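Colleague: my sequence and its experimental structure, below.
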Amino acid sequence: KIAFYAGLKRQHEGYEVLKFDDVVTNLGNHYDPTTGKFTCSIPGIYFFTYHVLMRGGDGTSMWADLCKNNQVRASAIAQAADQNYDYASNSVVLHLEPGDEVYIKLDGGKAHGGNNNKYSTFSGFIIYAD
Amino acid sequence: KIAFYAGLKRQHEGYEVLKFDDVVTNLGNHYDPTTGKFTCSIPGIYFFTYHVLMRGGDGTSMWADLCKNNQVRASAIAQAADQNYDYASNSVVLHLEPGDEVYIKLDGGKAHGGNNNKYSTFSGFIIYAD
Amino acid sequence: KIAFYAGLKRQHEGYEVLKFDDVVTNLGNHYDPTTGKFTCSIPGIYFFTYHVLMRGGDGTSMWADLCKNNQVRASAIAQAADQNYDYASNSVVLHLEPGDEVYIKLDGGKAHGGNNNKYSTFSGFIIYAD
Ligand SMILES: [Mg+2]
Ligand SMILES: [Mg+2]
Ligand SMILES: [Mg+2]
Ligand SMILES: [Mg+2]
Ligand SMILES: [Mg+2]
Ligand SMILES: [Mg+2]
């Protein structure tokens, strides 16, 4: 039984791994909020999805990419006019081998997160085990 | 076999439970469009997701939160400039006990729904049964 | 084991089937990038989701609808002000019979896709087999 769901707590900005520190669900404890990464324990097929809230008045361009280790497997850009919020979101279905790390990276832009209201999220679960 | 998928039909606005009355899928009949709520029958792990379309020229701020009973478990805000649409969307993975209610609440803002075209949606399914 | 995940490569615009030609995952080879369609082989319950990136400065209105054969089962509209990107996204849970085709159609608007960076995506998997 492998499944997790976490949210973002503070304001996030610049190139970095988005660490979702508000962990709601984490069967098997495979998501590490100190790294922001999901580690594959069982070879198989996995679904992942993320929703990242962006602040307006921020230059204006926020990138949030789902990575499998060092490879971009999904991308999203958020960007809005006068003073406004928007979402950079995407979903994947990937095959993973034990040790593979899955996580969201922030490239530039202002990402909003709340103490415990989960406007920005990261979740996933295994669909098939090999 | 627990899974549902419903859409929104009319214009929705103000604080209220978003009742998705255009039900496409509803295995086990656990989603009630007269309440807009999904009721857990089987203890286990559940995935939920929602996409809510917002109208522009509307003041401009629409909140749509997924709730498990009286608790906010996911949030989204939509908001756009001159005359424009956008989405408040999010996804969760939650553990539920029999009786738990899962649903979307609208906080302020103009939510669009169509008679039978499903621009605004609510869906979910059980991943693991305890 | 039925699951797929594909992205969009070039710029897409006008009424047409969105062919996601950057296929990452495709168990059972049921997604055809030459048609852009997923063909049901096994009667059962299926989850689908799509994220379509739209360019700003484009008139400004992009529609992307998930279709089951010739029927609209989900809709999304993207639309943004000065020079800006946004997403038309939605998710479904549907019952399918062998032969049913599931795919995204583009109605008007500028859809962005990248050679191999997957800003615009299409994915899905079977939840229950009948
Ligand atoms: Mg990228
Ligand atoms: Mg809230
Ligand atoms: Mg926008
Ligand atoms: Mg948006
Ligand atoms: Mg979305
Ligand atoms: Mg339509």
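Modeller: Nice, I can see it. Numbering: from 1, shown residues only, chains lettered A, B, ... in the order given. Ligands and ions are numbered 1, 2, ... in the order given.
Colleague: residues from chain A in reach of chain B?
Modeller: Counting by CB under 8 Å from any CB of the partner chain, the residues of chain A close to chain B are A:1, A:3-5, A:7, A:24-25, A:27, A:49, A:51, A:53, A:56, A:80-82, A:84-87, A:89, A:114, A:117-119, A:121, A:123-125. The C-beta positions use only the backbone N, C-alpha and C, and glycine is treated the same way.
Colleague: ok, the residue in chain A that ligand 2 sits nearest to - contacts?
Modeller: Scanning chain A for the residue nearest ligand 2 gives residue A:117, at 4.8 Å (criterion: CB to the ion). The contact partners of residue A:117, taken as CB atoms under 8 Å, 6 or more residues apart in numbering or on different chains, are A:7, B:72, B:75.
Colleague: give me the neighbour count for the spatially closest residue to the second one that is not a sequence neighbour.
Modeller: Nearest in space to residue B:72, with sequence neighbours left out and distances taken as CB to CB, 6 or more residues apart in numbering or on different chains, is residue B:65 at 5.2 Å. By the other CB atoms under 10 Å in any protein chain shown criterion, the neighbourhood of residue B:65 contains 23 residues.
Colleague: so what's residue B:65 up against?
Modeller: Residue B:65 makes contacts with B:72, B:74-76, B:104-105, B:107, as judged by CB under 8 Å, 6+ apart.
Colleague: quick one: furthest residue from the center of chain A?
Modeller: Of all residues in chain A, the one whose C-alpha sits farthest from the chain's mean C-alpha position, using CA atoms, centre = their mean, is residue A:82 at 26.0 Å.
Colleague: can you give me the separation between it and residue A:60?
Modeller: Residue A:82 sits 10 Å away from residue A:60 when distances are taken as CB to CB, to the nearest Å.
Colleague: please apply the same query to residue A:88.
Modeller: From residue A:88 over to residue A:60 the distance is 12 Å, taken as CB to CB.
Colleague: neighbour-wise, which of the two wins?
Modeller: Counted by other CB under 10 Å, residue A:88 and residue A:60 do not tie: residue A:88 has more neighbours, with 30 against 21.
Colleague: mind checking how far that one is from residue A:104?
Modeller: Per CB to CB, residue A:88 is found 9 Å from residue A:104.
Colleague: residues shared between the contacts of these two?
Modeller: Both residue A:88 and residue A:104 are in contact with A:52, A:64, where contact means CB under 8 Å, 6+ apart.
Colleague: interface residues of chain A facing ligand 3?
Modeller: Residues of chain A lying close to ligand 3 by CB under 5 Å from the ion are A:80, A:86.
Colleague: what pairs with residue A:22 across the strands?
Modeller: On the basis of DSSP bridges, residue A:22 is bridged to residue A:7.
Colleague: what sits against it?
Modeller: The contact partners of residue A:22, by CB under 8 Å, 6+ apart, come to A:6-9, A:33, A:113, A:115-116, A:118.
Colleague: quick one: the strands in chain A, in order.
Modeller: In chain A, the segments counted as strands under DSSP state E are A:3-7, A:12-13, A:16-18, A:22-27, A:31-32, A:37-39, A:44-54, A:62-68, A:71-74, A:77-78, A:86-96, A:101-107, A:110-112, A:121-129.
Colleague: quick revisit: make a PyMOL selection of whichever of the contacts of residue A:117 turn out to be buried.
Modeller: Only the buried members of the contacts of residue A:117 end up in this PyMOL selection, burial being decided by 16 or more other CB atoms under 10 Å in any protein chain shown:
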select buried, (chain A and resi 7) or (chain B and resi 75)
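Colleague: among the contacts of residue A:117, which are within reach of ligand 6?
Modeller: Restricting the contacts of residue A:117 to those near ligand 6 - CB under 5 Å from the ion - leaves none.
Colleague: tell me the one of the contacts of residue A:117 nearest chain C?
Modeller: In terms of CB to the nearest CB, no member of these lies closer to chain C than residue B:75, at 17.0 Å.
Colleague: number of nearby residues for residue A:91?
Modeller: 26.
Colleague: specify the beta-bridge partners of the nearest residue to it once chain neighbours are set aside.
Modeller: With CB to CB, 6+ apart as the measure, residue A:49 is the residue that lies nearest to residue A:91, at 4.1 Å, once sequence neighbours are left out. Counting by DSSP bridges, residue A:49 forms beta bridges with residue A:91, residue A:123.
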